[PDB]
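Protein chains in written order, with the deposited numbering: chain D, 39 to 93; chain E, 69 to 122.
Cβ atoms here follow ideal geometry from the backbone N, Cα and C, with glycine treated the same way.
Please read the structure below before turning to the comments.
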Amino acid sequence: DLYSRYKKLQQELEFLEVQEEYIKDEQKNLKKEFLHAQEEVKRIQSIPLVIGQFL
Amino acid sequence: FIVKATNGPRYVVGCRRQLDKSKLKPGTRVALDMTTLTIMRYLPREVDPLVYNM
Numbered sequence: 039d040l041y042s043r044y045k046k047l048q049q050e051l052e053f054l055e056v057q058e059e060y061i062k063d064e065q066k067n068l069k070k071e072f073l074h075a076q077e078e079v080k081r082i083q084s085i086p087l088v089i090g091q092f093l
Numbered sequence: 069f070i071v072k073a074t075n076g077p078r079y080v081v082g083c084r085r086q087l088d089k090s091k092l093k094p095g096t097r098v099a100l101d102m103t104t105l106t107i108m109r110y111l112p113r114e115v116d117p118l119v120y121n122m
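Here you go:
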């Protein structure tokens, strides 16, 4: 069906492209979160560093 | 500043604001923070009582 099957090829590609878009803004969001994590990695610490020894 | 408590374990902390690290090197006597153990004041070394007795 050239006036059905072919046309139906867009019935889902719109949401396809919308999610392909949203993966980018979510890359952005997860990057924000990863930067937050890396921030929290070493900000309280290394000031009162007590010393023991590995065994 | 890698330290050890004169009568305890060892730690690494900093000075308060202006204890003049210039003259402050491993060996000089310092004081420590109550809370964070950070150096609050360095002071001259001991005098070993017997010296005062003599």
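One finds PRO77, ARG78, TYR79, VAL80 and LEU105 in chain E with Cβ atoms closer than 9 Å to the Cβ of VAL88(D), taken in chain order.
Rounded to the nearest whole angstrom, the C-alpha separation of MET122(E) and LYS89(E) is 33 Å. Close to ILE61(D), with beta-carbon spacing below 7 Å, lies no residue of chain E; the smallest spacing is near 44 Å.
Around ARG78(E), the same chain offers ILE70, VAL71 and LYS72 as residues with beta carbons nearer than 8 Å, after the five sequence neighbours per side are excluded.
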